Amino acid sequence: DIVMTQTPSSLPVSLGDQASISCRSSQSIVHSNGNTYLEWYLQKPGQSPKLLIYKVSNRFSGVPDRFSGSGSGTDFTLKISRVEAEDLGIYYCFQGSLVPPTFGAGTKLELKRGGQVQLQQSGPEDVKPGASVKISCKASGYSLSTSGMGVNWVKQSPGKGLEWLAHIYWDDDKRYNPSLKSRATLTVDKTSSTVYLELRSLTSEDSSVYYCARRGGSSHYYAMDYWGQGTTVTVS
């Protein structure tokens, strides 16, 4: 597997400050093809993560110029020159080059103290242990099947960073994280444009908020450019 060591976890910043988060990976993030699919995500308190940087150094549509990418091969570092209230959140780096793709622990950017594509996610499920859940994720605004689109599922456990669960490609290439012990099955309802993650033998360890995210184009180097607001699964 690939581990993204993110640094620091903490990074307290003052408004207008220079901010710097980095990722080593336990190996090179390169393809073969050629591109190193390192993305950076920002996850403001109440919200799903949102894409910031893809292909290591590429600012995403409508991400302010103050964010920059710049790593190479094995070491990558998001910089924000001028932090603002908007920018406070947990940044996660994300290696999408190897399966399973993995994230960093996250880095909480937090204020130093002192002095239209859209995915909707099925409502939360409270489920007894052993039961299954089928969470849905309705993409709209794009066609679930234009080449290069896929839907990643990513769970975020309270204090287990972001973890990648599965991916469904436009050609219906379903790929899951071995960490799920084959309990996940993706399914798509092309006409309802919904992707269903079904999680099969739930234990409280599976209590997360689960996000579906669109691996965007070949344009966005399959960055998860759009994300469902999440669906919380709670295994009682």
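Just count from 1 along the sequence shown to find any residue number.
Legend entry - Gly115 to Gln116: deposited residues without atomic coordinates: Unresolved stretch here: 10 or more residues.
Legend entry - Between the two ranges 31-39 and 48-56, the one averaging a larger CA B factor in the entry: Result of the comparison: 31-39.
Inset, instruction - Tell me which of 61-69 and 170-178 has the higher mean C-alpha B-factor in the deposited entry. - result: Averaged over C-alpha atoms, the B-factors run higher in 61-69.
Legend entry - Residue of maximum C-alpha B factor among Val99, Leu162, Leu109, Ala139, per deposited coordinates: Among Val99, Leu162, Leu109, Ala139, the highest C-alpha B-factor in the entry belongs to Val99.
Inset, instruction - Quick one: classify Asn152 as lowest, middle or highest third of the chain based on its Cα B-factor. - result: Lowest third of the chain for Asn152's C-alpha B-factor.
Inset, instruction - Classify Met224 as lowest, middle or highest third according to the C-alpha B-factor given in the PDB entry, relative to its own chain. - result: Tercile = lowest for this residue's CA B-factor.
Legend entry - Position of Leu78 among the chain's modelled residues by C-alpha B-factor, lowest, middle or highest third: Its C-alpha B-factor belongs to the middle third of this chain's values.
Legend entry - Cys212 - which third its CA temperature factor falls in, relative to the rest of the chain: For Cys212, whose C-alpha B-factor we compare with every modelled residue in the chain, the answer is the lowest third.
Inset, instruction - Within this chain's modelled residues, let me know which third the CA B factor of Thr187 belongs to: lowest, middle or highest. - result: Ranked within chain, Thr187 CA B lands in the lowest tercile.
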